[PDB]
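Okay, structure first, notes after.
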There are 2 protein chains.
Amino acid sequence: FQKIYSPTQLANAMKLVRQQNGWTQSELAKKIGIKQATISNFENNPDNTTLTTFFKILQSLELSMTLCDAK
Amino acid sequence: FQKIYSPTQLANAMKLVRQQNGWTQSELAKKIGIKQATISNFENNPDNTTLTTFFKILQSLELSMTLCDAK
DNA sequence: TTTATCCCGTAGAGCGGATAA
DNA sequence: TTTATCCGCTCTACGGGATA
């Protein structure tokens with residue numbers, strides 16, 4: 001786990017976590033009450049994704065986040 | 001710097017950093033080129049804030065973020 | 001099976017700008 | 001001076017649903 005500097009970096013990292021556990025978009029989406037389409041839009045086009053969707057997906061991946069120094 | 005689980009919690013943490021360093025909304029907005037109004041809306045109503053905005057504000061506070069296990 | 005896209009709908013963001021306290 | 005809240009605008013999210 002490393003520092004994250006952009007939505008793109010962030011989505012890519014979460015996509016990796018998702019793949020590495022063999023979860024489909026649909027599994028996650030059902031698990032948290034959002035659309036499969038919505039996990040797709042977040043993964044390909046995260047800039048305009050809302051903070052609520054982020055935290056939901058984050059939770060579905062059994063992940064959290066903290067803030068840190070940018071350095 | 002503890003684990004964050006919601007937009008409200010995230011905004012609260014970031015607002016605290018703002019105040020602790022004695023920074024105003026206006027000057028953070030000027031720094032990264034967004035509306036003062038946008039920082040206000042983020043601090044009080046983060047749910048539908050976008051990821052770009054979140055990252056722009058993080059940067060303006062010299063913060064970054066990191067992923068971690070939810071526990 | 002999996003993911004990406006598009007329709008409609010309603011909702012809200014974030015902009016320039018101007019207040020409103 | 002600092003922060004919250006409008007208007008009017010354009011842009012997109014995200015929902016249900018259906019494809020591609």
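Reckoned from all heavy atoms, side chains included, excluding hydrogens, waters and symmetry mates. In what follows, every chain begins at residue 1, and chains take the letters A, B, ... in the order their sequences are listed.
B:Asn41 places its CG atom 13 Å from the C1' atom of C:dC15, with the value rounded to the nearest Å. Going from atom CD1 of B:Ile39 over to atom P of D:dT3 covers 9 Å, rounded to whole Å. Here C:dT2 presents its P atom at 14 Å from NZ of A:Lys30, a figure rounded to the nearest Å. Counting to the nearest Å, the P atom of D:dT2 and the CG atom of B:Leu28 are 12 Å from each other. The nearest whole Å value for the distance from the CD1 atom in A:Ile32 to the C1' atom in D:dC14 is 13 Å. Summarising the geometry, the separation between CZ on A:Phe42 and P on C:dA4 is reported as 13 Å, rounded to the nearest angstrom. One interatomic measurement links the two molecules: NZ of B:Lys35 to P of D:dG8, which rounds to 13 Å at whole-angstrom precision. For B:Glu27 and D:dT2, the CD to P distance is 7 Å, given to the nearest whole Å.
A:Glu62 has no carboxylate O lying under 4.0 Å from a charged side-chain N of B:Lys71, or vice versa, which leaves the two without a salt bridge.
The nucleotide whose nearest atom lies closest to any side-chain atom of A:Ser40 is, among C:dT3, D:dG15, D:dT5, C:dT3. Looking at the side chain of B:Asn48, the nearest of the listed nucleotides C:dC15, D:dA13, C:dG12 is C:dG12. Distance from the side chain of A:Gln25 is smallest to C:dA4 among D:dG17, C:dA4, D:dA4. Picking from C:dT3, C:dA13, D:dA13 the nucleotide with the shortest atom distance to the side chain of A:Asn45 gives D:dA13. If you check D:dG15, C:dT3, C:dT5 against the side chain of A:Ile34, the one that comes closest is D:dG15.
A single hydrophobic cluster is not seen to contain both A:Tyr5 and B:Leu61; linkage of ILVMFWY side chains at heavy-atom distances under 4.5 Å, directly or through other members, places them apart.
The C1'-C2'-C3'-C4' dihedral of C:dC7 is positive. Its furanose therefore counts as north. Nucleotide D:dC14 carries a south sugar pucker, as its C1'-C2'-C3'-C4' torsion angle is negative. A negative value of the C1'-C2'-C3'-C4' torsion places the sugar of D:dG16 in the southern pucker family. Nucleotide C:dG14 carries a south sugar pucker, as its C1'-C2'-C3'-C4' torsion angle is negative. Nucleotide D:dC6 carries a north sugar; the sign of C1'-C2'-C3'-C4' is positive.
Between B:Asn44 and D:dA4 there is a side-chain N or O to OP1 or OP2 distance below 4.0 Å. Considering only side-chain N and O atoms, B:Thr38 lies nowhere under 4.0 angstrom from the phosphate OP1 or OP2 of C:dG14. When the side-chain nitrogen and oxygen atoms of B:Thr53 are compared with OP1 and OP2 of C:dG14, one or more of them lie within a distance under 4.0 Å. An OP1 or OP2 oxygen of C:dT2 is reached within less than 4.0 angstrom by no side-chain nitrogen or oxygen of A:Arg18. Phosphate proximity of D:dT12 to B:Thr50: absent, as no side-chain N or O sits under 4.0 Å from OP1 or OP2.
C:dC15: Watson-Crick or G-U partner is D:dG8, with both key distances under 3.5 Å.
As judged by a 4.0 angstrom heavy-atom cut-off over every strand, B:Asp47 is placed among residues making no nucleic acid contact. Within 4.0 Å (heavy atoms only), A:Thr24 reaches sugar-phosphate atoms of the nucleic acid but no base atom. Across all strands, B:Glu43 comes closer than 4.0 Å to no nucleic acid atom at all (heavy-atom distances).
Remark: the backbone N or O of B:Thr8 is paired with a side-chain donor or acceptor of B:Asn12 at under 3.5 angstrom. Not a single donor-acceptor pair under 3.5 Å links the side chain of B:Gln59 to the backbone N or O of B:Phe55.
At a cut-off of 3.5 angstrom, counting only N and O atoms as typed in the model, there is a donor on one side and an acceptor on the other between the side-chain of B:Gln36 and the base of D:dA4.
A:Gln25 and A:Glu43 share a donor-acceptor pair across their side chains, judged by distance under 3.5 Å alone.
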Applying side chain to side chain contact (heavy atoms under 4.5 Å, CB included) to B:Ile4 and A:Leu67, what does each step give before you reach the verdict? CA-CA 8 Å; B:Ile4 288 161; A:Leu67 301 169; 3.9 Å; yes
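Among B:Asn48, B:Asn45, B:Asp47, the one residue that satisfies the side-chain contact (heavy atoms from CB on, under 4.5 Å) test with B:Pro7 is B:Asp47.
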